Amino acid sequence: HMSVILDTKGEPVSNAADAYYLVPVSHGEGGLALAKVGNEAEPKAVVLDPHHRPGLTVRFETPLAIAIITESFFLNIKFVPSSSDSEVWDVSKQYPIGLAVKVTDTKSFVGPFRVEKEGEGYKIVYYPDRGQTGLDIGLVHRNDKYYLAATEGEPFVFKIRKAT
């Protein structure tokens, strides 16, 4: 799993540049969005929301001196635009979802994610320890939304569409 990652026009996906939609192929309906989870007053959980279209766009990032990403690189994922420069995706325990994908201002120099080919598209895989196997990101359907969350079961599969 070391291939260049391609968008839906067949072009390499950029490192630390451009903006992309993650367009569902498996299950899941809607655009990327932030949602409240549990008893948090401000929305920080990353979701697909059938009623936010087009929804948010993301940027992939690694400090490696290269202009594109591959399935072998460990990445930060962030919204573009994001409310602060340090804001990135991360995974943490969040009731009642599980190991939810949420936004945080704590950013590691090298991120914990890889984008790996799966089926018709790509999935995200989260690595709490880089010397060990990762946990796929799948979806938890709740509150008419699809919460991104680590899973042992079916991953969320998407194609990568470059934005305007």
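Start at 1 and count along the sequence shown; that's the residue number.
K.L.:
Lowest, middle or highest third: which one holds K107 when the chain's residues are ordered by CA B-factor from the entry?
P.N.:
For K107, whose C-alpha B-factor we compare with every modelled residue in the chain, the answer is the highest third.
K.L.:
When the deposited Cα B-factors of this chain's modelled residues are ordered and cut into thirds, is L6 in the lowest, the middle or the highest one?
P.N.:
Middle third - that is where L6 ends up once the chain's C-alpha B-factors are sorted.
K.L.:
Ranked by Cα temperature factor within the chain, is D136 in the lowest third, the middle third or the highest third?
P.N.:
CA B-factor rank for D136: lowest third.
K.L.:
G30: which third of its chain by C-alpha temperature factor?
P.N.:
Answer is highest: the recorded C-alpha B-factor places it there.
K.L.:
If you rank the chain by CA B-factor, which third does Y122 end up in: lowest, middle or highest?
P.N.:
Ranked within chain, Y122 CA B lands in the lowest tercile.
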